[PDB]
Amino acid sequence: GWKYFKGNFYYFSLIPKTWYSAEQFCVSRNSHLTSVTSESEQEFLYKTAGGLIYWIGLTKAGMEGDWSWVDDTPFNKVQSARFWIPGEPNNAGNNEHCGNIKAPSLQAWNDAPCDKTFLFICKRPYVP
């Protein structure tokens, strides 16, 4: 069951996977792990997550370890600053190169090891 919000459908998984296995599941359903591009979308996502941890489309790109969205939405460092949990991203064990929705708050995101298994959220555009 996909949920609808502002022009996109979202799949909140019932089974946990690593970040990449999650992304492949999304891709098999003509989607991607979700990007987050506004306060209203962040709010929709974290509220729907209901306090459980879900992989989202956050991952590193480039030598400098810049964050990026797997669906290729340009990542806006300034506009996204308010969406991380205070203290994140912290790159623990120098091995946290993927991101999830963790806290039920506008400040929701944590960076975690890509090989950890969590539920996940796919995002699929509706094309009229």
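Heads up: residue numbers just count along the shown sequence, starting at 1.
Peer 1: Looking only at CA atoms, which has the higher mean B factor in the entry: 74 to 82 or 87 to 95?
Peer 2: Per the PDB entry, the higher value belongs to 87 to 95.
Peer 1: Between 35 to 43 and 57 to 65, which has the higher average C-alpha B-factor in the PDB entry?
Peer 2: Looking at the record's C-alpha B-factors, the answer is 57 to 65.
Peer 1: Tell me which of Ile15, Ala112, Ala22, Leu106 tops the list for C-alpha B factor in the record.
Peer 2: Of the options given, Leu106 has the highest CA B-factor in the PDB entry.
Peer 1: Sorting the chain's modelled residues by C-alpha B-factor, tell me whether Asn100 ends up in the lowest, middle or highest third.
Peer 2: Answer is lowest: the recorded C-alpha B-factor places it there.
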